[PDB]
Number of protein chains: 2
Amino acid sequence: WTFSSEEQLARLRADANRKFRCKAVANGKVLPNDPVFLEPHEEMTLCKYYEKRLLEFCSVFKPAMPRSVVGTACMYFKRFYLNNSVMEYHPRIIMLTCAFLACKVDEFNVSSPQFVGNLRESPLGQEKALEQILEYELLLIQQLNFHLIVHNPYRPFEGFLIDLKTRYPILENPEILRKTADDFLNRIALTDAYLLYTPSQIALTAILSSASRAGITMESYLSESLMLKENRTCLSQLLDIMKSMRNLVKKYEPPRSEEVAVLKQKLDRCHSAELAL
Amino acid sequence: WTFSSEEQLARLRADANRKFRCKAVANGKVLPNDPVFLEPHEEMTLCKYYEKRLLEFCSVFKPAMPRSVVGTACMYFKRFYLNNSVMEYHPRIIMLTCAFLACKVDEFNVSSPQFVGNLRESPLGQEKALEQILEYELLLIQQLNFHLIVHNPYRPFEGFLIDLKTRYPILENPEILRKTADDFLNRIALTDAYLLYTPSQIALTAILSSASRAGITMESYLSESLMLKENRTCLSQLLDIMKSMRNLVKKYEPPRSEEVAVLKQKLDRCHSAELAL
């Protein structure tokens, strides 16, 4: 569950898209080239959109949801779709299933009625969503190969922040660093970076690249402090990895208002006709 | 998930009982020798009772539930409690969670509202049960070590029945054999036999021991047909294994009406006071 390239994820996602196309066509009600089907690239936009809808949900989640939970939930959502089609299991539901499962896994103390209680729908509407999470729970757990422990960036982040503040007492005002570094971490979390690097490299990139966004530079930081090494890197590599992630977020295209509007409708029209009977 | 003795399961169950006692006592509200706690032997009675309540539920389950499902569900229930206390997770709920998970795992086509629809409770009461299954789903899956595939006796049973009817055309009236052998299989399913032997040995014992209950004896059956061997046994062992299971069901003490009434009340009084805060 930590891959070697954007190409490797591209392939997996493509496979998932074909597998459904073939299943749908196999179950007769549609021709192989029917434009009802979403293209891998279209699935992606919808996933970007839902991952954002996922983030919003967690942000407003009244019983204040810890960042370990929101991070875990997003990792699930991503991994699910590396080999599953948006056309087969609706991401509106899978998204909410990832949040719930994540609360359970991370032992975040919240009951299901409390959880669905955070949805802007009538009491029965919310009960209905609770029902759908029961439907997809095992599916989600199975599609994750039963590997539910996900290591988030927030832990090594707090550690790097600690390292800096005691090592460079000048910046004893990290309250500014943290907020910036958090903003940047959120952007990385929206790319495939979580599936591509260690959470430490991810935490490190958020901090060094945010302090730097601020102007300040600790030219002796990596060398002096990080003579130590936990996640594979003779300094140089790390510098390239940071350049790599820093690039990923630079080239991240957010879902656009209207395309989503179209693709949602396609996705809805897809779940509408029995393609999966 | 196939053990070497009733002693091995006895130990596991005992451990589970102590672990809770210690957790409860650790969380202060109770003394180590408080009679509120159930003894391992008492847990057992309650489990026998619930496994029967489990069987009844599946029997009346309107969208006719296949025997693979009911068998799988009972295996879960048993395995859950090999290392978990009835005092900690109520078997009324775990029982229903095992049924649901089993429908999902075996791909028995039934939705959650359909499932809970089979409970003799008001619409909200049933929704409440659906909620509790969502609560315990992951727990159940985790406590099963993520091993959800359970091989039932019904498959090799149908095969042995086929073997007999073509090999001894006299008994071409197996409709009688089957019903008897099924009745006996139900009795084995209530003992630890499922956790102790292969489903083939279990299927074989149900058939050979039921034909025999009927009077008829095929002295050339094992030797002539079963020169073949899939599950460890130089004839002799098998004969001893059949003697073993045949013994287990002989010495199975069903839960008694009033003791249950008491133990339920103890169990309820247990879940009543916060022992698990």
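Letters A, B, ... mirror the listed sequences (proteins, then strands); counts begin at 1. What you see below is based on every heavy atom in this structure, not just the backbone, and it leaves out hydrogens, waters and symmetry mates.
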Discussion item. Between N145(A) and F146(B), does the side-chain contact (heavy atoms from CB on, under 4.5 Å) criterion hold? Intermediate values first, please.
Written reply: CA-CA 10 Å; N145(A) 265 80; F146(B) 296 98; over 6 Å; no
Above 12 or not: heavy atoms from other molecules or residues under 6.0 Å from [atom1] of [X]?
X	atom1	result
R53(B)	CZ	yes
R155(A)	CZ	no
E7(A)	CD	yes
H271(B)	NE2	yes

Worksheet item: Is any residue of residues 89-105 of chain A within less than 4.5 Å of chain B by heavy atoms, and which ones?
Response: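 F100(A), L101(A), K104(A), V105(A), listed by number.
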Item to complete: Go through the atoms of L130(A) and report whether side chain, backbone, both or neither lie under 4.5 Å from a heavy atom of chain B.
Response: both
Fill in: Side chain, backbone, both or neither of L139(B) within contact of chain A (heavy atoms, under 4.5 Å)
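Neither; nothing under 4.5 Å.
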Response to the item:
Under 4.5 Å to a heavy atom of chain A? For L138(B) that would be both
Worksheet item: To the nearest 0.5 Å, how far apart are CD1 in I141(B) and CD in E137(A)?
Response: 6.5 Å
Discussion item. Apply side chain to side chain donor-acceptor pair (under 3.5 Å) to residues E135(A) and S111(B) and explain how you reach the verdict.
Written reply: CA-CA 7 Å; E135(A) 286 312 325; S111(B) 70; 5.2 Å; no
